[PDB]
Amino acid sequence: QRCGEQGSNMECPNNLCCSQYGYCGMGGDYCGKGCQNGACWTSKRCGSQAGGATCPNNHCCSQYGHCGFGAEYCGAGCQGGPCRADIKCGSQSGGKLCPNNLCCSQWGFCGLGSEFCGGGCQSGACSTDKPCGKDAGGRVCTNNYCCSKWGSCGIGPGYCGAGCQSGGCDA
């Protein structure tokens, strides 16, 4: 029920802005000053300009390092987000990871969907669910995903907790 720092970095649907208090809506109250994510009046900073900073809600990082949508943002020089130019990764880009957990197709492009996440998927939210750890010739997950006691890659208490064999293990 809450967004931002109070909702553990949860985002409002349909780009509703998250007020300074951690609640979702539209208007000056939510989108003006203190806005956390969503359609904030003062676009957030991102990319190079703001330290490698990614945009929330999948917004595009424009060449000037401001968050938004449209040609000025997803167009020429976009630094991140669903850019208009195919985003490269994988073995064919010296292991680069796609941002925001997007899957890296077999061919070295960042995206989401069966074609990217499906078989051959190199990194990101692959849906191939390949086994990691001891029971897997001790192979490690990508993106620093935790390798659960079960020999599964993921993020969550169940994966990263007790008997987490590798990855961003809390335990």
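All residue numbers refer to positions in the sequence shown, first residue = 1.
In this entry, 128-136 shows the higher mean Cα temperature factor of the pair 128-136 and 51-59. The PDB entry reports B-factors from which the mean C-alpha value can be compared for 94-102 and 74-82; the larger average falls on 94-102. As recorded in the entry, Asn144 carries the highest CA temperature factor of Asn144, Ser114, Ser123, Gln36. Looking only at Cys24, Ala162, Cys153, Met10, the residue with the top Cα B factor in the deposited structure is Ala162.
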